[PDB]
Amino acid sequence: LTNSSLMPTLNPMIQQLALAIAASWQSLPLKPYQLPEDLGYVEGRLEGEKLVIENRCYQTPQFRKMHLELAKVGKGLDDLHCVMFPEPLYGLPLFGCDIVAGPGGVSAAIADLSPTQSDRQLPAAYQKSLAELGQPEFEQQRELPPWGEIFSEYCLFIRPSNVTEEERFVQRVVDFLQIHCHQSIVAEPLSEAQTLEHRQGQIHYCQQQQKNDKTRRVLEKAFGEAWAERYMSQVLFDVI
C-alpha cells in the first residue's frame, strides 16, 4: 500500500484496517485476479462530487477472489470494502468488511465471517474460535437491514464511539483474519454435493449484498445507474 494514492488521505481507522488486511495477505501464495476490464484505479463525476476508487485483487487456491477496495468521494466520504470470496471446494466462510467515514469520523464499521452452508451456520471450528474471542462491547451498535440476514451471529455493525472502540474493532478484524487464514490451511476439498452447497451460499451472499442501496447511490451519483449496476454486479458482488 506504499504506492496508494488514496491511503495518505483516508480516515485513520480505514488506514489501519487496510494495512491489517494487506499484512494478512502478504505472505500467501497470491496470484493476480483480473477484475473486469483489468480495473485498478477509477474516477468519475456527474453533477456533483467526484468518486475515486483504488482496487487491488488477488486469488489463492482457497480464495477465489480477494478484493480490497479504497474509495473517497470529494473530501467528505471515505470507504474501505473488502471481501475474501472462498473457493467453494474448501467450504470456507466469506470474510468481509465495509468501513464508511466522513470528516466527523467513522459512521459505519461492519465486519464478518459469513456462512455459506445451507443451515446458515459457520463451520464448527469457526464457531469455537470466534466464541473464544469473547463478546466485544460497543456503545453504538447498529441493526442490520433485512438483506443482512446473510451475516453470521459474530457480525459487527457499529458506529465507533471513541478511539478505544476503533482499536477494538480493528483488533477484532485482525482476529477474524487470523482465524480465517489458519482454517484455510486445515481445509480439505469437499464432496461435490458440499461444494455445490457452498457455491449456493456464496451466490446468495452476493445477491443480497447487491440490495445495499446506500452503496449503490454513492456509485450512481458519480457514474450513473448503468455503471453502478455493472460495478455492483460484476466488480463488487459477482455471482458465480
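All residue numbers refer to positions in the sequence shown, first residue = 1.
Peer 1: Between 208-216 and 31-39, which has the larger average Cα B-factor in the PDB entry?
Peer 2: Higher of the two, by average CA B-factor, is 31-39.
Peer 1: Tell me which stretch has the larger mean Cα B-factor in this entry, 179-187 or 65-73.
Peer 2: It is 179-187 that shows the higher mean C-alpha B-factor.
Peer 1: Out of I150, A124, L80, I110, which shows the largest CA B-factor listed in the entry?
Peer 2: Highest C-alpha B-factor among the listed residues goes to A124.
Peer 1: What third of the chain, by the recorded C-alpha B-factor, contains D98?
Peer 2: It belongs to the lowest third of the chain when residues are ordered by C-alpha B-factor.
Peer 1: Report the third (lowest, middle or highest) to which the CA temperature factor of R159 belongs, ranking only the modelled residues of the same chain.
Peer 2: Ranked within chain, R159 CA B lands in the lowest tercile.
Peer 1: What third of its chain's C-alpha B-factors does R168 belong to: lowest, middle or highest?
Peer 2: CA B-factor rank for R168: middle third.
Peer 1: Can you work out whether the C-alpha temperature factor of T9 puts it in the lowest, middle or highest third of the chain?
Peer 2: Highest third of the chain for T9's C-alpha B-factor.
Peer 1: Going by the CA temperature factor in the PDB record, which third of the chain does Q140 belong to: lowest, middle or highest?
Peer 2: It falls in the middle third of the chain.
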